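Q: Have a look at this one.
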RNA sequence: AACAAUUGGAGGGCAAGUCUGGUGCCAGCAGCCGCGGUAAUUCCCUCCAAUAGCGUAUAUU
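Residue numbers (the authors' numbering), protein chains in the order written: chain Z, 1028 to 1067; chain P, 18 to 176; chain R, 7 to 126; chain G, 64 to 114, 123 to 313; chain A, 86 to 202; chain V, 137 to 181; chain Y, 591 to 648; chain F, 40 to 87; chain H, 43 to 109, 116 to 142; chain C, 1 to 108.
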């Protein structure tokens, strides 16, 4: 009288990483000089 | 406090003891002996009870080998500490006389009936061994280390 | 060359007795070569030599390294008395005796080289 | 560990004339060889040329109390290239060779020893080096070599005597400058064998202090020795060079 | 050149000497737990005055305390590369790489293929 | 002096100095409680 | 409350407690632990630090 | 860290005990009429 | 309550069994009829599990404290002769 | 109290994984992974909020002397397909003169 | 997994559980209680003290 989804299992969690900070083209184009995003 | 905890932990670690009760016991007997030496020092020299009584006390502590036989003065018997008594106890004489590999092995080899002291065999590791009786600490006769039968594991090994 | 000559009125006797007790506590390096190893390695707490050496040059070398390591040395006048003081059945010509952290033997070494310091 | 032929670079130490040789798995305190190509007592040493010439004798804290103090974390050692050092208790001239390597060609080490045999090895080493003088006399009689020693900057003291502060006392009252360096190795088992070593060290410091020195620091040499102290003090002033 | 340190010259800083200086600030990783060192975290590890020497000879040790012809190598880094535990370096390195590829981008790319399949 | 050598027993009574050298470890404080003396942190008698 | 096999014997518990507090005093202060051993001074193992002054001003 | 310390236990103090005396203590023992060497002697049981 | 050290009592009302917090002092305190004094004092049952053992009308021994309601002063030690901690552990029945 | 707590009253409670159908879809975020993507999104939107307040509250007639030694972000018309919103940086490459390239090609 | 050492205290971690507060995603107190499952499950502790002894209450010195 059992269910297989009901049993406790081991949970494997890789370390969560997220994508970097994605500023839009027009915002980064229209923001002033001391803060202008400098990407090579 | 903490000075007593590190002090008595140093005593229960230097010499292989089971609790702090034996430490307090040894400091109690040293308190009585050192007390008697103090109240003998209260009188002058040529007070004949300081001469004969203090002479008898330093002869008894030379005889049980706590006070070293070189120094013969009641100030030098005031200057004692509990590592002298624990250094004179039987367990530490088993280890310092090298019958045992460690001090806890020495207390095992005393509650275990493997050692004798002279004619007696001694179960108590708190036995205040006399300086004259220091040399005759050895293994007991029916033990596997003093001849005799080779004991349980080798009996079940031969069978 | 035996200018730290120990005196037969019981200073020799306390030296040889402490030799025997260190022999029973296994704190004892016997013979000139093993004495030399203990002094050069710096384990040595005190060192006795024997002035009854038939050429004494063969033990004259260790007062140098004992002066370098600053350990007290003293001569007893009989290598046979030193030899059965050790318990060897041969003649021990020069003996060195070390110490540990906690022993009444270490106390006896301390008082003994206090007397050797009263000589030198 | 420090095998013969391992590559090991040399950088200066914090002191004047003392060097430290860092290798892959170890480091080695070392001085500069005054007479190149010659080891004194059979020690490892380091050769390097300018970018034949440069040579660095490796210095042992087990055979030298002063190396035990420099690896023991001493503030100053008072000795520099150009100093005058009065070494007391100079057995065989080994640490006298390292002090002579510190004060260098323009310095002067005044080695004093009582024994004639260490006198002879001292005359061998002190015949090889020309800044060390050999003096074989009693350190308890400074008026024997008062014709030999001028006013020195530093006194190093390594004697195994019970009257060590008195010996260094009269030697400083004849030969040590106004505001002089003093660096004493102390063996508590040699002064008082039945007393605790901190109390022996503090009592010897007090005997220097009523002998009118000024103790700057004390350190105990105890990963390398047992019950040994190194006391660094300064004669008649609070600050060293005056 | 220092005038009171007996003319140790200034560091003729070459890329091999700079590798050796890096190895000397990194000797704790070299002896992989078997020997730990004085933690020396200064920012600029290159000193002002250095001089690359070799140990010559102890007059009591010549049997075991002496490098051989196939071991008197040219740099400290070549000595460390000559020694053992190089596969131990690579083993610990792939523990670290297997932990730094944990959930980064091949993981999420596998998730996208798993959903789209 | 006690901070330098740390051998001594300090015989004091004031809360200022007794509280000052309860901060540095392993020193005994001897006081006088009106009929006899007292020892704070010497683990002997 | 679930207790330990080391807590079962008080003598074993003070033995394992002294071994740890002998271990921690190695980390803090400097213990002698013998002079030069067999090999005879392979250098100052565990580094040399030049700025550090570990001494009591007096 | 000073010699002869085992985790806030000075093993370096052993009889004959040294004792720095303060002005507070000399005032309060001449006030408590309690002689100094004999009562330090009596509270430590050891030569000071 | 300074003449005797332990006082017997009747559990009168389990005060605040309808509370929400499982180990708050409201749920822990119990109204007690003191036998010899006749007063009604409330006392801290030290657990909600022990509160499941403290029943109505039962003879209950109480003691003091020593140091959510600072001011309730006594403490339930026994229920019907058996100690309440020995009831909390599985030592004894009642 | 902590002394008045049993050992079954300290049992860790077990987190439940996904059904085997959803095992394709991934990790069941429970509270930790939710807090990681929530704090990461809050940080991103906080930085974008500060940058929108920059671009809104910027001064059009501003002058810096780095504008005489930098090339600006341009527009979609001056940059075209190679338009990101950013300012390019220097790789350290340079147009190298003809004498020194003669030196480098005698070496080559 | 035994020939089966205790008595006190301090602290950490935990659910598709519960309860409460409130200008989302926070915080609180707390949790033997969770979807299934009881021949079902095999999962989480560290430190301090005394230690065949120890805790607690009042009188207290």
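C-beta atoms are modelled at their ideal positions from N, C-alpha and C, and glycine is treated no differently.
1) If you draw a straight line from the alpha carbon of residue 198/G to that of residue 141/V, how long is it in whole angstroms?
2) Can you pull the chain Z neighbours of residue 67/C, defined as C-beta to C-beta under 9 angstroms?
3) Residue 6/C bridges to which residues according to DSSP?
4) Between the C-alpha atoms of residue 75/F and residue 84/F, what's the straight-line distance to the nearest angstrom?
5) List the endpoints of the continuous alpha helix (DSSP H) containing residue 168/P.
6) Using C-beta distances below 7 angstroms, list every residue in its chain close to residue 620/Y, excluding the 5 sequence neighbours before and after it, in chain order.
7) Going by DSSP in three states, residue 67/G sits in which element: helix, strand or coil?
8) Considering just the uninterrupted stretch of the alpha helix (DSSP H) at residue 184/G, what are its terminal residues?
9) Under 9 angstroms Cβ-Cβ, which residues of chain V neighbour residue 21/P?
10) Under the three-state reduction of DSSP, which class applies to residue 119/G: helix, strand or coil?
11) Taking a Cβ distance cut-off of 8 angstroms, strictly less, list which residues of the stretch 115-142 of chain A are near chain Y, in chain order.
12) In whole angstroms, give me the CA-to-CA distance for residue 118/G and residue 626/Y.
13) Tell me, please, whether the stretch 71-79 of chain G touches the stretch 134-144 of chain A by the rule of three or more beta-carbon pairs shorter than 8 angstroms.
14) Out of 89/G, 255/G, 109/G, 230/G, state which residue places its alpha-carbon closest to the alpha-carbon of residue 209/G.
15) Within its chain, find whatever has a CB closer than 8 angstroms to the CB of residue 77/H; leave out the 5 residues flanking it on each side and keep chain order.
16) In the structure shown, what three-state DSSP assignment does residue 261/G receive?
17) With distances taken between CB atoms, is the gap from residue 133/P to residue 157/P smaller than 9 angstroms?
18) For residue 101/C, which three-state DSSP category applies?
19) In angstroms with no decimal places, state the Cα-to-Cα distance between residue 18/P and residue 24/P.
20) For residue 149/P, which beta-bridge partners are listed by DSSP?
21) Could you tell me which whole beta strand (DSSP E) segments of length 3 or greater appear in the stretch 13-69 of chain C?
22) So residue 198/A contacts chain C; which residues on that side make the cut at Cβ distance below 9 angstroms?
23) Quick one: Cα of residue 152/G to Cα of residue 220/G, how far?
24) What do you get for residue 51/R, buried or exposed, if any count of 16 or more other CB atoms within 10 angstroms of its CB means buried?
25) Quick check: is the beta carbon of residue 70/P nearer than 9 angstroms to any beta carbon in chain R?
26) Looking at residue 94/R: is its Cβ nearer than 9 angstroms to the Cβ of residue 53/R?
27) What does residue 188/A touch in chain Z if you count any residue whose Cβ is under 9 angstroms from its own?
28) Cβ closer than 8 angstroms: which chain A residues qualify as neighbours of residue 165/G?
29) DSSP puts residue 204/G in a beta bridge; with which residues?
30) Applying the 10 Å Cβ sphere with the 16-neighbour rule, what's the burial state of residue 139/H?
31) Should the stretch 293-304 of chain G be regarded as contacting the stretch 253-262 of chain G, the criterion being three or more beta carbon pairs within less than 8 angstroms?
32) Can you tell me which of the three DSSP states residue 100/A falls into?
33) Against chain A, does residue 244/G count as a neighbour if the rule is that its beta carbon must be under 9 angstroms from one of theirs?
34) So which of 70/G, 180/G, 161/G, 95/G has the shortest CA-CA distance to residue 106/A?
35) By Cβ distance below 7 angstroms, which residues in the same chain neighbour residue 126/H in space, the five residues on each side in sequence not counted?
36) To which residues of the same chain is residue 25/C closer than 8 angstroms at the C-beta, ignoring the five residues directly before and after it?
A: Quick answer:
1) 43 angstroms
2) 1060
3) Paired residue(s): none; residue 6/C is not in a bridge.
4) 13 angstroms
5) 168-175
6) none
7) strand
8) No alpha helix (DSSP H) holds residue 184/G; the beta strand (DSSP E) holding it covers 179-184.
9) 177, 179
10) Regarding the residue in question, residue 119/G is not represented: chain G runs 114 and then 123, omitting everything in between.
11) 120, 121, 122, 123, 125
12) Shown without residue 118/G, the model has chain G running from 114 straight on to 123.
13) yes
14) 230/G
15) 49, 50, 51, 52
16) helix
17) Closer than 9 angstroms, so yes.
18) helix
19) 11 angstroms
20) Residue 149/P pairs with nothing; no bridge assigned.
21) none
22) What residue 198/A touches in chain C: nothing, since even the nearest Cβ is about 11 angstroms away.
23) 18 angstroms
24) buried
25) no
26) Residue 94/R is not a Cβ neighbour of residue 53/R, given a cutoff of 9 angstroms.
27) Simply 1040, 1041, 1042, 1043, 1044.
28) The premise fails here: residue 165/G is roughly 13 angstroms from chain A at the closest Cβ pair, so nothing lies under 8 angstroms.
29) 181/G
30) exposed
31) yes
32) helix
33) no
34) 70/G
35) 102, 103, 132
36) 18
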